[PDB]
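Participant: Take this structure first; my questions come after.
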Amino acid sequence: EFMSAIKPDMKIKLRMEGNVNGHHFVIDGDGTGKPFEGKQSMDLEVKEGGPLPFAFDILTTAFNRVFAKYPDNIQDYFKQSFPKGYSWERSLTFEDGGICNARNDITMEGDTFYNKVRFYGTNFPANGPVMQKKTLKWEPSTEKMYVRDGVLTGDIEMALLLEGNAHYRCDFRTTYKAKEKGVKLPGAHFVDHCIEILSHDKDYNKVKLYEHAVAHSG
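Taken in order, the sequence shown gives residues -1 to 61, 65 to 219; the numbers are from PDB author numbering.
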């Protein structure tokens, strides 16, 4: 099906407001992406609350599954959600008891996706890798997409690589909901993801972020 609303080159604008372990912040994003290649990049700037007193990496997956290369034999719920858009809500449950809830309301105005992002985190141990800024990157992942009680859901076993050859596990569950009624739910499938901070200044007040995502049947 031809997607009139999804241009090969799209702009991306974003505002995140959040609070992690009591620390408030606002972060702006300006980016571009190629929905049919499953690739996007974004320049992020912390606008309030910097220097952030926790690992920037916990935030990065909150900075849109439109940017995923879908084969023709899998229903692309995300590209089919436009022009009206969709929203998602995600739990990030970390192995040491830290917990985040993130939400994004995604709209489209012309060639630009807009993102209203909220990020709440709590219960991170003060001595843990998040509050001590010991993370290096997220490992590449595979999201399992399926319908759970009528709602499109993505589950991911994620891991942050830490300093010293260690990993720090986090389980994602994301629910995805189109704004238009009657958008056809897809069959179960997978999305491979790789997210990377390409560059950052010393205290992560400015960050360049990149993601590549590809859907597959199994």
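C-beta: ideal position from N, C-alpha, C; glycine also.
Residue range of the beta strand (DSSP E) that residue 20 falls in?
Facilitator: Numbered from 1 along the sequence shown, position 22 holds the residue referred to as residue 20. Unbroken run through residue 20: none, as it is neither H nor E.
Participant: Run through the region 85 to 126 for me and flag every whole beta strand (DSSP E) of 3 or more residues, listed as ranges in chain order.
Facilitator: 87 to 95, 100 to 110, 113 to 123
Participant: Can you look up residue 57 in the DSSP assignment and give me helix, strand or coil?
Facilitator: Within the sequence shown, the letter at position 59 stands for residue 57. Helix, per DSSP.
Participant: Does the region 44 to 59 come within contact of the region 18 to 36, defined as at least 3 CB pairs closer than 8 Å?
Facilitator: yes
Participant: Name the DSSP beta bridge partners of residue 133, please?
Facilitator: Residue 133 sits at position 132 when you count from the first residue of the sequence shown. Beta-bridge pairing links residue 133 to no other residue.
Participant: What does the alpha-carbon distance come out to for the pair residue 218 and residue 55?
Facilitator: Stepping through the sequence shown from its first residue, residue 218 is reached at position 217. Stepping through the sequence shown from its first residue, residue 55 is reached at position 57. For residue 218 and residue 55, the distance between alpha carbons rounds to 28 Å.
Participant: Return yes when the C-beta of residue 107 is under 8 Å from any heavy atom of the ligand HEM, and no when it is not.
Facilitator: Questions concerning the ligand HEM fall outside what the structure shown contains, since it holds no ligand whatsoever.
Participant: When you compare only the Cα positions, how much space is there between residue 140 and residue 32?
Facilitator: Position 139 of the sequence shown, counted from the start, is the residue given in the question as residue 140. Position 34 of the sequence shown, counted from the start, is the residue given in the question as residue 32. Roughly 22 Å separates the two Cα atoms.
Participant: Taking Cβ positions, are residue 176 and residue 157 nearer each other than 9 Å?
Facilitator: The count along the sequence shown starts at 1 and reaches residue 176 at position 175. The count along the sequence shown starts at 1 and reaches residue 157 at position 156. Going by C-beta atoms, residue 176 is not nearer than 9 Å to residue 157.
Participant: Under 8 Å, with one C-beta from each stretch per pair, do the region 127 to 136 and the region 95 to 105 reach the 3-pair mark?
Facilitator: yes
Participant: Among 199, 81, 72, which residue has its Cα nearest to the Cα of residue 178?
Facilitator: Working through the sequence shown from its first residue, we reach residue 178 at position 177. Out of 199, 81, 72, 81 has the C-alpha closest to the C-alpha of residue 178.
Participant: Nearest by alpha-carbon distance to residue 34: which of 28, 71, 65 is it?
Facilitator: Start at 1 with the first residue of the sequence shown, and residue 34 comes out as number 36. That would be 71, whose Cα lies nearest to the Cα of residue 34.
Participant: Under 6 Å Cβ to Cβ from residue 117, same chain only, skipping five residues before and after it: list those, please.
Facilitator: Stepping through the sequence shown from its first residue, residue 117 is reached at position 116. Closer than 6 Å at the Cβ level, and outside the excluded window around residue 117, lie 106.
Participant: In whole angstroms, what separates the C-alpha of residue 67 from that of residue 36?
Facilitator: The count along the sequence shown starts at 1 and reaches residue 67 at position 66. The count along the sequence shown starts at 1 and reaches residue 36 at position 38. Looking at the two C-alpha atoms, the distance is approximately 8 Å.
Participant: If you measure between the beta carbons of residue 12 and residue 207, is that distance less than 9 Å?
Facilitator: If you number the sequence shown from 1, residue 12 lands on position 14. If you number the sequence shown from 1, residue 207 lands on position 206. Not a contact, by the Cβ cut-off of 9 Å.
Participant: By Cβ distance, which residues of its chain are closer than 6 Å to residue 94, with the 5 residues on each side in sequence left out?
Facilitator: Within the sequence shown, the letter at position 93 stands for residue 94. 100, 172.
Participant: Measuring only the C-alpha atoms, how far is residue 212 from residue 194?
Facilitator: On the sequence shown, position 211 is the one that residue 212 refers to. On the sequence shown, position 193 is the one that residue 194 refers to. For residue 212 and residue 194, the distance between alpha carbons rounds to 7 Å.
Participant: The beta strand (DSSP E) spanning residue 66 covers which residue range?
Facilitator: Here residue 66 is taken as the residue at index 65 of the sequence shown, counted from 1. That residue, residue 66, is in no beta strand (DSSP E); it is neither H nor E in DSSP.
Participant: Assign residue 180 to one of three DSSP states: helix, strand, or coil.
Facilitator: Taking the first residue of the sequence shown as position 1, residue 180 is located at position 179. Three-state DSSP puts residue 180 in coil, outside helix and strand.
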